[PDB]
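Residues per chain are reported as follows:
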Amino acid sequence: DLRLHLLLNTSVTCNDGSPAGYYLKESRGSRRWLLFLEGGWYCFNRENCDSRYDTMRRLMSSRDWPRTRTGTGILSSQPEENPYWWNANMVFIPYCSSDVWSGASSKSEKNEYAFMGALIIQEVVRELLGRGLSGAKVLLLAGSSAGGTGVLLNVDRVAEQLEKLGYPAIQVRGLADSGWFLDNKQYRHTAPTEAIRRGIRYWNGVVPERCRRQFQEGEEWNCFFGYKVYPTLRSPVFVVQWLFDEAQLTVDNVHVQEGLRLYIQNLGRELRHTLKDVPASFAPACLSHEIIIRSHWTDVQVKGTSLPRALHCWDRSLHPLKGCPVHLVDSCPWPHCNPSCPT
Ligand SMILES: O=C(O)CCCCc1cccc2ccccc12
Ligand SMILES: *[C@@H]1O[C@H](CO)[C@@H](O)[C@H](O)[C@H]1NC(C)=O
């Protein structure tokens, strides 16, 4: 079980001004630290943030969080469930900022909600150094869905924060699960681009520095898209992405005749193309959403290699390897052409 700590700096808050926090399970003598960013969509204006506060309040407030959480999947401490990092220090960072982990804006007289995702991550990293993170060799910043995109937006800032804090020996790495999206055309029109452009303004959202310098003012929304932000990042990042992600299909208004068949097959081919130059990646041809904190995340395989194995091989490469691949992208063109897809 992971134990809740609310942030001692209570100026770093969830949407409604309640303190943000993290769940921690320490593993003595391990120098590996896994900080996992929860996902759960976002809200981009007052009206739809008000709606989310009614029916998704735990994603906007710590007032009702439980004292504990069970670590599952890559957060499990049992080798049977987590062959990769079962002995690591485990941190689960609840998503309570509704900003894809990009915000740095306090709740004030002019803002009904605080959007502080990017500062929550920094504050968690700050307060953990006193609980053992100072001795770490590896800090793996992981995340699923909106949290996977949050890895891409924050991993280099976590590295820079630890460098200027005097810890250049901590190797910061990223693991982005189901946060690698395409700014593509919808199957039936009316869409992520405009929602993110409004979100960034509404949140005062911040993006990684080099990506921001390429796309410049007014165009920061581009850096929320994995295939655009990833080549600008310095930290090593492992990308896990279903070829037919359910959240991708949702925003594409896909819920089978030729037109839809071609649209789906072209989507999978476009996703494969954006991953061709990502050296550490795991991308199975399944219709699904998230994987790394699911208890049965050991079950899926690409070209006969599981995700926990691919992650271990990635570890080794950061010391090609024989029989230990790190780039695993399905080539088959339709959901569940991979037989190990989740049922
Ligand atoms: O958090 C979840 O479960 C949903 C997935 C994350 C939100 C999201 C959905 C669709 C497209 C996106 C594009 C960029 C960032 C985020 C995008
Ligand atoms: C608390 O967090 C805010 C936001 O990052 C920061 O401006 C302030 O310096 C922090 N205070 C302390 C005591 O850490």
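Scoring rules and cut-offs
- Residues numbered from 1 in each chain as written, not as in the entry; some residues may be left out.
- Chains lettered and ligands numbered in written order.
- Heavy atoms only, no water.
- Residues with missing side-chain atoms left out of burial classes, pairs and counts.
- UniProt positions renumbered as here; feature names shortened; annotations may be inferred.
- Helix = DSSP H or I, 4+ residues; strand = E, 2+ residues; numbered from the N terminus.
- Polar contact = N/O pair within 3.5 Å; in protein donor to acceptor, adjacent residues only side chain to side chain.
- Near = heavy atom within 4 Å.
- Areas by Shrake-Rupley, 256 points an atom, 1.4 Å probe, with all protein chains shown as cover.
- Nonpolar A, V, L, I, M, F, W, Y, C, P; charged D, E, K, R; others polar.
- Pairing = 2+ DSSP bridges.
- Disulfide = S-S within 2.5 Å.
- Contact = heavy atoms within 4.5 Å.
- Core = buried A, V, L, I, M, F, W, Y, C linked by side-chain atoms within 4.5 Å.
- Buried < 20%, exposed > 50% of the residue type's maximum accessible area, 1.4 Å probe, protein only.
- Salt bridge = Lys/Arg side-chain N within 4 Å of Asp/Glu carboxyl O.

Looking at the PDB entry, one finds the chain named Palmitoleoyl-protein carboxylesterase NOTUM and attributed to Homo sapiens. Looking at the header, the entry is titled "Notum fragment 5e". If you open the UniProt record of the chain and go to Function (literature references left out), you find "Carboxylesterase that acts as a key negative regulator of the Wnt signaling pathway by specifically mediating depalmitoleoylation of WNT proteins. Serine palmitoleoylation of WNT proteins is required for efficient binding to frizzled receptors." Per UniProt, the chain carries the Catalytic activity text "[Wnt protein]-O-(9Z)-hexadecenoyl-L-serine + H2O = [Wnt protein]-L-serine + (9Z)-hexadecenoate + H(+)".

Student: Would you mind going over the side chain of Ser61 with me for this structure?
Tutor: Considering the arrangement of structural elements, one finds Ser61 in the loop between α1 (46-55) and β4 (68-69). Here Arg63 takes part through its backbone nitrogen, which lies 3.4 Å from a polar atom of the side chain of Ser61.

Student: What am I meant to see in the site of ligand 1 here?
Tutor: Taken together, 15 residues are adjacent to ligand 1, and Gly40, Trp41, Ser145, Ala146 and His289 come closest. Taking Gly40, its main chain carries an N or O atom lying 2.9 Å from an oxygen atom of ligand 1. Within the backbone of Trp41, a nitrogen or oxygen atom sits 2.8 Å from an oxygen atom of ligand 1. Within the complex, the protein chains bury 98% of what would otherwise be the 420 Å² of accessible surface of ligand 1. Within the shell around ligand 1, the residues separate by chemical class into 10 nonpolar, 5 polar and no charged.

Student: Could you clarify how one ought to interpret the site of ligand 2 in this entry?
Tutor: Near ligand 2, the surroundings consist of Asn9, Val12, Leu119 and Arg126. In this structure, an oxygen atom belonging to ligand 2 sits 2.4 Å away from a side-chain N or O atom of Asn9. Contact with the protein chains hides 40% of the accessible area of ligand 2, taken as 360 Å² for the molecule alone.

Student: Got a minute to help me understand the sheet that holds strand β10 (residues 281-283) in this structure?
Tutor: Two orientations exist for strands paired in a sheet by backbone hydrogen bonds: parallel and antiparallel. The 10 strands are arranged β4-β1-β2-β5-β3-β6-β7-β8-β10-β14 in an open sheet whose pairing can be described as mixed. With partners counted over all chains shown, the strands left at the sheet margins are β4 and β14 (327-329), one partner each. With 2 bridges joining them, strand β1 (residues 2-6) and β4 adopt antiparallel strand pairing. Residue pairing across strands places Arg3 opposite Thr68, the latter belonging to β4.

Student: Would you take a moment to explain the state of the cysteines for this structure?
Tutor: One way to say it: the disulfide is the covalent bond shared by the sulfur atoms of two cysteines. One pass over the full model with this rule turns up 6 disulfides. By sequence order of its bonded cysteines, the chain has the disulfide arrangement 1-4, 2-3, 5-6, 7-12, 8-9, 10-11.

Student: Explain the environment of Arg197 to me, please; I cannot follow it from the model alone.
Tutor: Tracing the chain through its elements places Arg197 in helix α4 (residues 192-203). Here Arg197 is in contact with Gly218, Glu219 and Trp221, once residues within four sequence places are set aside.

Student: Which parts of the structure should I look at to understand the nonpolar core?
Tutor: It is characteristic of soluble globular proteins that their nonpolar side chains tend to be buried jointly. Among the nonpolar cores identified, the biggest contains 112 residues, and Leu35 and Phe238 are the most heavily contacted of them. Ranked by residue count, the leading element in this core is helix α3 (residues 146-164), at 8 residues.

Student: It is not clear to me how the UniProt feature "active site" in the chain should be interpreted in this structure. Could you clarify?
Tutor: Mapped onto this numbering, the UniProt entry gives "active site" at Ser145, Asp245 and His289. Following the sequence through the fold, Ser145 ends up in the loop between β6 (138-144) and α3. Residue class for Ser145 comes out buried when judged on its relative accessible area of 4%. When near neighbours in sequence (up to four residues on either side) are disregarded, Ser145 contacts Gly39, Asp177, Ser178, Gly179, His289 and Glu290. With respect to the secondary-structure elements, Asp245 resides in strand β9 (residues 244-245). Residues in contact with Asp245, not counting those within four places in the same chain, are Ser178, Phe181, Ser288 and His289. Of the polar contacts made by the side chain of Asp245, one reaches the backbone nitrogen of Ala247; its length is 2.9 Å.

Student: Whenever I open this one, the pattern of salt bridges confuses me. Can you help?
Tutor: Should their charged atoms come close, side chains of opposite charge can pair. The tally for this structure, following the rule as stated, stands at 12 salt bridges. For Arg63, the salt bridge is made with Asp64, and the minimal N-O distance between the two is 2.9 Å. Note that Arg126 and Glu123 form a salt bridge whose closest N and O atoms lie 3.2 Å from each other. Of the two residues, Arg126 and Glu123 both sit in helix α2 (residues 117-129), 3 residues apart, roughly one turn of that helix.

Student: How do you make sense of unusual backbone geometry when you look at a structure like this?
Tutor: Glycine aside, residues mostly have negative phi, and peptide bonds are mostly found in the trans state. The phi dihedral of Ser98 is positive, around 60°, even though this residue is not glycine. Tracing the backbone shows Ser98 in the loop between β5 (89-93) and α2. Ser98 sits in the buried class, given a relative accessible area of 0%. Residues other than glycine seldom take positive phi values, yet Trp101 does so here, at roughly 65°. Following the sequence through the fold, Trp101 ends up in the loop between β5 and α2.

Student: I keep staring at the environment of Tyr113 and nothing clicks. Help me out?
Tutor: Structurally, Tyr113 can be placed in the loop between β5 and α2. Note on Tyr113: relative accessible area 5%, which makes it buried. Here the alpha-carbon distance between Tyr113 and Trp33, two residues 80 residues apart in the chain, equals 31 Å. Sequence-distant contacts of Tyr113, defined by excluding residues within four places in its chain, comprise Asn15, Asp16, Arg46, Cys49, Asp50, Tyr53, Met60, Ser106, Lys107 and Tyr202. Within the structure, the side chain of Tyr113 is placed 2.6 Å from the side chain of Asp50, a separation counted as a polar contact.

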